[PDB]
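Breakdown of the fold
The lines below spell out each chain.
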Amino acid sequence: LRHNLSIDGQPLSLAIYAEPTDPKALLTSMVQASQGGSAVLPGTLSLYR
Amino acid sequence: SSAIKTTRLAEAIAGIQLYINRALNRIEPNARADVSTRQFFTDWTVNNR
């Protein structure tokens, strides 16, 4: 009587389902980087044409 | 528990019936046995519900 059950202890009020929050999806993206050139070496002038 | 729900008048019915039973069953001391011999208490078999 105190816990509001039946004669055999079965609950008189149906327990709520408590539907979960459920998982979510994941995402990824691209990443870039930048660089410069190398020092220009003075070409040793040959004799050819 | 908090699951049970009732009304003010129903709670008053419960309390008054319990008090009448306490007075009639001679467990509460200094009961007014002179008052307890009226028609209603004689017909308490059909007046308890």
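Residues numbered from 1 in each chain as written, not as in the entry; some residues may be left out. Chains lettered and ligands numbered in written order. Part of a larger assembly, values for the part shown. Heavy atoms only, no water.

Structure determination for this entry, per the PDB record, employed cryo-EM and reached 4.3 Å resolution.

Chain B is annotated in the PDB entry as XptA2 protein from Xenorhabdus nematophila.

As annotated in the PDB entry, chain A carries the name XptA2 protein and is attributed to Xenorhabdus nematophila.

1. So, the overall build of chain B
The test is simple: Under the DSSP-based scheme used, a helix requires at least four consecutive residues in state H or I and a strand at least two consecutive residues in state E, with every element numbered from the N terminus. Under the scheme applied here, a residue whose accessible area is under 20% of the maximum for its type counts as buried, over 50% as exposed, and between as partly exposed, the area being computed with a 1.4 Å probe on protein chains only.
Across its full length, chain B holds three helices and zero strands. Secondary structure elements of chain B occur, N-terminal to C-terminal, as α-α-α. Across its three principal axes, chain B shows a C-alpha extent of roughly 40 × 25 × 15 Å. Here chain B holds 49 residues, and 4% of them are scored as buried.

2. What about unusual backbone geometry?
All names here are of chain A. Positive phi values are uncommon outside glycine, yet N4 reaches one of about 60°. Non-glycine residue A18 carries a positive phi angle of around 55°. What makes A18 exposed here is its relative accessible area of 58%.

3. A short note on the environment of B:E28
Residues and elements named next belong to chain B. For the record, the criterion: Note on contacts: a residue pair qualifies if any of its non-hydrogen atoms lie within 4.5 Å across the two residues. We call two N or O atoms a polar contact when they sit within 3.5 Å, provided that within protein one can donate a hydrogen and the other can accept it, with sequence-adjacent residues counted only if both atoms are side-chain atoms.
Inspection of the secondary structure puts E28 in the loop between helix 1 (8-24) and helix 2 (39-42). The partly exposed category is assigned to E28, whose relative accessible area is 27%. For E28, the contacting residues outside a window of four places in its chain are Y19, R22 and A23. Here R22 takes part through its side chain, which lies 3.2 Å from a polar atom of the side chain of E28.

4. Some words on the pattern of salt bridges
Residue and element names in this part refer to chain B. Applied cut-off: We define a salt bridge as a contact between a side-chain nitrogen of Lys or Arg and a carboxyl oxygen of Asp or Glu at a distance within 4 Å.
A complete count under the given rule lists two salt bridges over all chains for this structure. One salt bridge connects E28 with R22, and the closest N-O pair in it is separated by 3.2 Å. Residue classification places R22 among the partly exposed residues on the basis of a relative accessible area of 37%. Here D34 ties to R32 by a salt bridge, and the two come within 3.5 Å at their closest N and O atoms. The pair formed by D34 and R32 is uniform in burial state, with each residue classed as exposed.

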